[PDB]
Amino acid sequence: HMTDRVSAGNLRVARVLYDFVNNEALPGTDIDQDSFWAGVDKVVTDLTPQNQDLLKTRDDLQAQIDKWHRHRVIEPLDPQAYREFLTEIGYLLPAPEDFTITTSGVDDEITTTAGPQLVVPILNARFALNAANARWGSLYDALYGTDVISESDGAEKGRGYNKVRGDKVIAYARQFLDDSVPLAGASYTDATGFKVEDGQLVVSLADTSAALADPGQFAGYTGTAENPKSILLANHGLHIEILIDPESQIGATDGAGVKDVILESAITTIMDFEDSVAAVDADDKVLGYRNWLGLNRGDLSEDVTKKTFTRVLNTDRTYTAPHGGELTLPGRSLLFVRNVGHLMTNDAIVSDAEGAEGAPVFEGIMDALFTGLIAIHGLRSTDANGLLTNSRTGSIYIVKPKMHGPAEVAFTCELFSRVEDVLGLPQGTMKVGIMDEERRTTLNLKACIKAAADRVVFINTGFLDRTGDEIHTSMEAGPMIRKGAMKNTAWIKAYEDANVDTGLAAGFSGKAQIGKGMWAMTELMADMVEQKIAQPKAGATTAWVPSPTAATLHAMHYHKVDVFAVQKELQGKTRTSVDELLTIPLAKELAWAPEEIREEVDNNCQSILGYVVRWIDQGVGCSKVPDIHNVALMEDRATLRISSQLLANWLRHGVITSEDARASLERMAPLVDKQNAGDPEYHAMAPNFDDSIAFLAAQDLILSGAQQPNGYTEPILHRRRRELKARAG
């Protein structure tokens, strides 16, 4: 609340950020401090005009599309005229000739491994530590702790060990072992013990013994060969470890002394500066940069009271190899960082360069410079840098969200190239995970990949943002279907398949990930285990999970599905055509009964209010919010973008009135208040709605949603959160 900036060329840097970089981030990188700030100045000055121009192009194209629809209120749908219009204005560009990506220096977790990808807010060090440590997770804990095992018929969890439930957990895991690492002519249900003989696993049974059906799945062990403490296996590139301890509580109940089954699961994790965090000023950005620093130095630590212990990063895992010697496996998830996209500025730095009268600096430019600087530590194993490293191949991994078309991808790659120059890194060190989550990227996806052909390490269908962009782009065309019906549309099915087809045709298999989206129903893990197998069956080598527990459970899908075999079968197929993508999800006439309209409005208002109140009042960018059906949903800015754009579209076309929307907000706010009543830090919105900055922010997101650029929620959220911060101070 006290302005204090340091001059650095044309820049005026908030002292908290200046000091953080100079005293915490720079030492150990061998980068001269004066040269670094001179580089920040030069990059910001050189690249800001193109950043501004790209955003202006977004606005110009949207205005042209708006006008096209308004000229044709009574004309029938004409896919040909519409597509030809989008081509004529430069929205749809020609597809390049076939090509193969050339990205090299990439880690095995990305190039040749299929498995879960975790995402976590970087401002929460407790969660970030758990996420980096989620590469290895207990299957017993994940089954015991979720509804994958029913609690009915005396199988309640409690807070201790209910043996009725524990026996069901053991049985479920025995079946998983039979399915994934089968014995020759036997079931693990009949195991009485384990031994290593002549470098191969021997499983003792009731009166005989058995080998693995494929002895090559044996990867290592701990303890002695005659009485091992664990058996390490591998299947479909992922490790499985059976822990043996007949003295443990669980092992003493087990016919073979088995205590747990550990799955390698969150092979990679995205440390998120974007949609799951609330960071609106220098203080917030420094908190995130400091946690990213602790992860890359390896020394991040957090005291956790649950008793109190000190959470730290896991060491690598060591085993005796089958034929002797020492096997070392990575103990931690390979880390990406998701920077913010091209839209927002942040006043952590203001620039006077070239006419700018102290203009806040583009935040995506700052993220590339600062998260790139900090990532140098993850490449070095020294006392000055910390001994724990991230990449084993010399790369830095940045997810770049919310890009619109190939010029915007080219800009990201030029930004990374310029940052590499400032940091003294080899050209190409900074790799890019491209989110396919905006319509102008989907429709030009081949060209987007080509613009990053030597840097790209994944594409991923960010289907939630993509649905928000779908609604905003065609805002003027007519009222859209309810948001729960979007999953059944022609456009979304083509969007998912075209992503996979385009990535495979660009040579992604064996070089880069093809990824799919987040499971949002945080408590419905039985449903996740049933349904989310569709993503690996679709040829995605990774997909997003909301927690370490969900990562462990989703890992089972990669043992059931041979994703790389699926990709081989998909090669050469073109399963979609352009007019499918251009099929706007408009509602039919007389689509809804009044009660259906009411449910959609109330559900959207409840989920908006439940997310926004914690964003504005507590700076929490990701919350579990029960919807109108009492399903607990992960909410972040992308889910908010959908709900607010849908209501804005229904207002635009007179499905509801502004009075209806305000009435729904007033109806749902006290229900949100009641859901949060247990939280001692909660500030109720009701009854004085207009005195709550959080309530007013939710109202703005709806009533002014049609005016937000591409439907983005950050302009309002950032303005209102800064208002609350200044008021609370």
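Start at 1 with the first residue shown and count on from there.
- A chain break between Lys306 and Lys307 is present, corresponding to 1 to 3 residues of the deposited sequence without coordinates.
- Stretch comparison (72-80 versus 396-404) by mean CA B-factor in the PDB entry places 72-80 on top.
- In this entry, the higher average B-factor at the C-alpha atoms falls on 349-357, of the pair 349-357 and 478-486.
- In the deposited coordinates, the residue among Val578, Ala321, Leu300, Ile449 with the greatest CA B-factor is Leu300.
- In this structure the maximum Cα B-factor among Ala498, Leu123, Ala551, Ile250 is found at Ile250.
- In the deposited entry, the Cα temperature factor of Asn390 sits in the middle third of values across the chain's modelled residues.
- For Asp198, the recorded CA temperature factor ranks within the highest third of the chain's modelled residues.
- Among the modelled residues of the chain, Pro585 sits in the middle third by CA temperature factor in this PDB entry.
- Ranked by C-alpha B-factor against the other modelled residues of its chain, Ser35 falls in the highest third.
- In the deposited entry, the Cα temperature factor of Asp108 places it in the middle third of its chain's modelled residues.
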